[PDB]
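Below you will find one chain, with nothing else, as structure tokens; this is the form solved without this ligand, and questions on how it binds or moves follow later.
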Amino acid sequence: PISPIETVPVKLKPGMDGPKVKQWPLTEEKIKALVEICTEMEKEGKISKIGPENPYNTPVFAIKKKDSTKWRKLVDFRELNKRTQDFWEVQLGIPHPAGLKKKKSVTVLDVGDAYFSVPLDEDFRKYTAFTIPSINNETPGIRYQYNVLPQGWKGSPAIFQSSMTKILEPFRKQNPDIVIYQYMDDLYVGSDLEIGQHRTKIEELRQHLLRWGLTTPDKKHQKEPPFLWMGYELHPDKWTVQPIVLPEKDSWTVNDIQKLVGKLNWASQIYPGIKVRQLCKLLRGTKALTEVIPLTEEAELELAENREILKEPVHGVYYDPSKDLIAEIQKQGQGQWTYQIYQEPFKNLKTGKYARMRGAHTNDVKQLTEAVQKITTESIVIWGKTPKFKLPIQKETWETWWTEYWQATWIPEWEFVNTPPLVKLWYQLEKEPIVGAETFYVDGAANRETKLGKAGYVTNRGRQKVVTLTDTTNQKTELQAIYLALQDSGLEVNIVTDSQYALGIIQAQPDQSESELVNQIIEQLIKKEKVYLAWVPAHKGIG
């Protein structure tokens, strides 16, 4: 079958010329096959013999099929694909199940063979030149070239898509009640027409594609719902996740552990409970990927525990435009949040979780915001709209925070949902000095070269201290100064320092950071009921 559709103008990359790689020697058997098959598709008008005026060549190979014991063929278009121009996109982003609309009936058109139905740009055809050699280390060989889109050629997938787009354009217009999704060779058609009505339209569609040289199977064929589509299992009323199986064995290698943790980490999105904490530990100081690791009992319980969670098959539902989109978020710990987008309570569309890395200095509220944002984007791409949020935070808490944050931020229309643990500001620096409180004039310095320093303080109350520190840096020293100040201070403290970093703590006041020292300071800050941190010009007279 070969369609009468206009070819797409395809050209090579700027300044490049067509493939000229030589052909490999073949056994009498594979040669016979290649001749048979090539003559076959030649008669079908798919390929055509060419004269010696074509210097281009690409290596063809033969190999018995996937349970057939019959010889197939394959052309190695690598070189050609390297020279072929870049096309826009082959739609890199697939429809997530949660974004599909519930249809009374779906049908899958397997438009596979179609690749060999769309004609290739004539001018370009010459570049697909390939040769069927001869035993006799002959004179010439059986030369051919593709007239239709070659299987495996860079442009084929893209072209095929647009060609299909054009062919389906009219049908869609004349049948606006039918929705179609295109995915390579699979054409998914769904609607809400009484069984018979549906069947009829499908036939019209088939007839339609047929007219344009597109062969499609008879009897509303091959696959039927549930559709096993890329890890997902689509049912008429809900979608399910393919059973993620865990390899129960008694010997574990580094590689096998990494691969395991991988699957386990993907699973965490749909199974908020999976943990790999211990599992990761089995990778410390690994010398070889094939090294066997004695599974600790802690890991046994974790891995086993994970198996019990994966026992229950999870299923999400489809999108119904006539209902609101609600997204609820929870905090499972510092930096770990869970969310579930749904319309009707418990009838979840999509769920997931985000794991953060504390970084230089961040805070929960900030992270919540960062989550809301990600979720929002995800929603817009899926349901083309932003969900209403149900968040575990006080409106007052939010107000107090954002109205004073140095950076611009925003959280879409949300509603408070009293579900502990609620995220709250662990501490708040005072906006002015505390009356009747000790004042610690802190300072610290360390020799950059020797990494030897001193950190201490002096108070308006007479108290003083200093500590000589080995192997440290000025940053640590200054922070240390502030730390000690907080240690011996009291419930209400005023601390003045010339540290630039402290200034950062003032402007952001994070409740988590990578520097353990800062973490210490944070925990210390959370203990105090009143702390006023003030900064003054370094190397000046303030002391």
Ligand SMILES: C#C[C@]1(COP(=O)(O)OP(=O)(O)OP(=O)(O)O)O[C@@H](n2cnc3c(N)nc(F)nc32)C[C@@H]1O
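Numbers follow the displayed sequence, beginning with 1.
This protein has a second form, the form deposited with this ligand bound, left out of what is shown; the following refers to that one.
Site annotation in the deposited bound form: the residue of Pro421, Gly359, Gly262, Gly112 reaching within 4.5 Å of this ligand with a heavy atom is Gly112. Of the candidates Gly152, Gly384, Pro247, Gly141, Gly152 is the one whose heavy atoms come within 4.5 Å of this ligand in the deposited bound form; the others do not. Heavy atoms of every residue among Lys65, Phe160 and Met184 are located within 4.5 Å of this ligand in the deposited bound form.
In the deposited bound form, at least one heavy atom of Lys70 sits within 4.5 Å of a heavy atom of this ligand. The closest non-hydrogen atom of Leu74 lies within 4.5 Å of this ligand in the deposited bound form. Residue contact check for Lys220: one or more of its heavy atoms lie within 4.5 Å of this ligand in the deposited bound form. You can rule out all but one of 300 to 308, 184 to 192, 270 to 278, 121 to 129: in the deposited bound form, only 184 to 192 has residues with a heavy atom within 4.5 Å of this ligand.
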